[PDB]
Amino acid sequence: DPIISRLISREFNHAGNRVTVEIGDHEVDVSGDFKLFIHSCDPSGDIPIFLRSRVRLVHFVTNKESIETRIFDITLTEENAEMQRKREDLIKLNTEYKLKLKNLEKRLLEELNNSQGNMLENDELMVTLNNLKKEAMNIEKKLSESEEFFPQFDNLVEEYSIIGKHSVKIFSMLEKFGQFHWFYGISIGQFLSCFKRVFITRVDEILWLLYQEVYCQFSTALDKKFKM
């Protein structure tokens, strides 16, 4: 409805202490601890141009585009498990060691001010700072191997793109049967679980493995016409 309207555009009438907003008729006081979110379920439903312009539109939608992204993660786990293992920790320990570098700098300054009049305790943190000579240079060790890992990651996106582009066209096709008939539904997870079974010219053979496994699992939930 229109009335929220002044609450969507940031309009207010300010007072000495009170902040008032006009809603339909009554002028009501705004807190400031108050937050607003608007939630919608169907993308088909169209929102007013007033709102769409003042509103930050964010799509939490598990699209067909999401399938291309998610088949590469499954492919790489079964194609180069050594580099998919190191992918997660590469950006994890990038941020974690830098947060621990900031956590140890704070520990050093706390004890340097407390144990300046006390015995040479700082030394007990300096052997932890001796351990930091692995940590500071661990980052250097990881940054060096990153410049080696990233261009290899980008080399592996291409093959999976070749796999990826066919799989969406296949999901599109199976999705479209559900549009004709109610019983002909497919989830993204059903296609993923099917593509996992595909493992347990290499790119060309895996492609042929996909088409076969999809024909194998999803042919069953269709009638003779839709099979053909």
# chains A, B, ... in the order shown; residues from 1 in each chain; ligands from 1

call {"tool": "select_by_dssp", "arguments": {"residues": "region 11-151 of chain A", "states": "strand (DSSP E)", "output": "ChimeraX atom specification"}}
result
/A:13-14,19-22,27-29

call {"tool": "residues_around", "arguments": {"residues": "residue 221 (chain A)", "least_positions_apart": "4", "cutoff": "9 Å", "atoms": "only C-alpha atoms", "output": "JSON, numbers by chain"}}
result
{"A": [183, 184, 185, 217, 227]}

call {"tool": "closest_residue", "arguments": {"among": "A:135, A:79, A:88, A:11", "to": "residue 54 (chain A)", "atoms": "only C-alpha atoms"}}
result
A:11

call {"tool": "residues_around", "arguments": {"residues": "residue 29 (chain A)", "least_positions_apart": "4", "cutoff": "12 Å", "atoms": "only C-alpha atoms", "output": "list in words"}}
result
residues 7, 12, 13, 14, 15, 17, 18, 19, 20, 21, 22, 23, 33 and 34 of chain A

call {"tool": "write_last_selection", "arguments": {"atoms": "C-alpha atoms", "output": "PDB file, in the first residue's frame"}}
result
ATOM      1  CA  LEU A   7       8.693   5.278   5.414  1.00  0.00           C
ATOM      2  CA  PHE A  12      10.645  12.868   8.361  1.00  0.00           C
ATOM      3  CA  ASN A  13       9.589  15.956  10.328  1.00  0.00           C
ATOM      4  CA  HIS A  14      12.243  16.513  12.988  1.00  0.00           C
ATOM      5  CA  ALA A  15      11.571  17.908  16.461  1.00  0.00           C
ATOM      6  CA  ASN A  17      13.851  15.056  20.621  1.00  0.00           C
ATOM      7  CA  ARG A  18      11.023  13.418  18.591  1.00  0.00           C
ATOM      8  CA  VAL A  19      11.164  12.334  14.921  1.00  0.00           C
ATOM      9  CA  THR A  20       7.734  12.087  13.255  1.00  0.00           C
ATOM     10  CA  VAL A  21       6.566  10.317  10.070  1.00  0.00           C
ATOM     11  CA  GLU A  22       3.166  10.774   8.395  1.00  0.00           C
ATOM     12  CA  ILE A  23       1.339   7.550   7.746  1.00  0.00           C
ATOM     13  CA  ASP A  33      16.171   1.241  16.792  1.00  0.00           C
ATOM     14  CA  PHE A  34      13.437   0.394  14.209  1.00  0.00           C
TER      15      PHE A  34
END

call {"tool": "atom_distance", "arguments": {"atom1": "CA of residue 124 (chain A)", "atom2": "CA of residue 93 (chain A)"}}
result
24.8 Å

call {"tool": "residues_around", "arguments": {"residues": "residue 165 (chain A)", "least_positions_apart": "3", "cutoff": "12 Å", "atoms": "only C-alpha atoms", "output": "count of residues only"}}
result
20

call {"tool": "atom_distance", "arguments": {"atom1": "CA of residue 3 (chain A)", "atom2": "CA of residue 45 (chain A)"}}
result
19.7 Å

call {"tool": "residues_around", "arguments": {"residues": "residue 152 (chain A)", "least_positions_apart": "4", "cutoff": "12 Å", "atoms": "only C-alpha atoms", "output": "list in words"}}
result
residues 80, 83, 84, 87, 145, 146, 147, 148, 156, 157, 158 and 159 of chain A

call {"tool": "atom_distance", "arguments": {"atom1": "CA of residue 212 (chain A)", "atom2": "CA of residue 198 (chain A)"}}
result
8.7 Å

call {"tool": "closest_residue", "arguments": {"among": "A:163, A:38, A:194, A:174", "to": "residue 75 (chain A)", "atoms": "only C-alpha atoms"}}
result
A:163

call {"tool": "select_by_dssp", "arguments": {"residues": "region 3-228 of chain A", "states": "helix (DSSP H, G or I)", "output": "PyMOL selection string"}}
result
chain A and resi 5-8+49-54+65-79+81-114+122-180+188-196+202-218+224-227

call {"tool": "residues_around", "arguments": {"residues": "residue 149 (chain A)", "least_positions_apart": "6", "cutoff": "10 Å", "atoms": "only C-alpha atoms", "output": "list in words"}}
result
residues 83, 86, 87, 90, 142, 143 and 155 of chain A

call {"tool": "residues_around", "arguments": {"residues": "residue 74 (chain A)", "least_positions_apart": "4", "cutoff": "8 Å", "atoms": "only C-alpha atoms", "output": "ChimeraX atom specification"}}
result
/A:70,78,196

call {"tool": "write_last_selection", "arguments": {"atoms": "N, CA and C atoms", "output": "short mmCIF file (atom, residue, chain, number, x, y, z; two decimals), in the first residue's frame"}}
result
data_model
loop_
_atom_site.label_atom_id
_atom_site.label_comp_id
_atom_site.auth_asym_id
_atom_site.auth_seq_id
_atom_site.Cartn_x
_atom_site.Cartn_y
_atom_site.Cartn_z
N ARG A 70 27.42 -24.42 -9.55
CA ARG A 70 27.46 -25.54 -8.62
C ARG A 70 27.92 -26.87 -9.25
N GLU A 78 35.90 -34.08 -7.98
CA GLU A 78 36.16 -35.39 -8.58
C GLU A 78 37.19 -35.34 -9.72
N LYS A 196 26.53 -36.20 -9.85
CA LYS A 196 27.52 -36.83 -8.96
C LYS A 196 27.75 -38.30 -9.32
#

call {"tool": "closest_residue", "arguments": {"among": "A:208, A:85, A:129, A:35", "to": "residue 166 (chain A)", "atoms": "only C-alpha atoms"}}
result
A:208
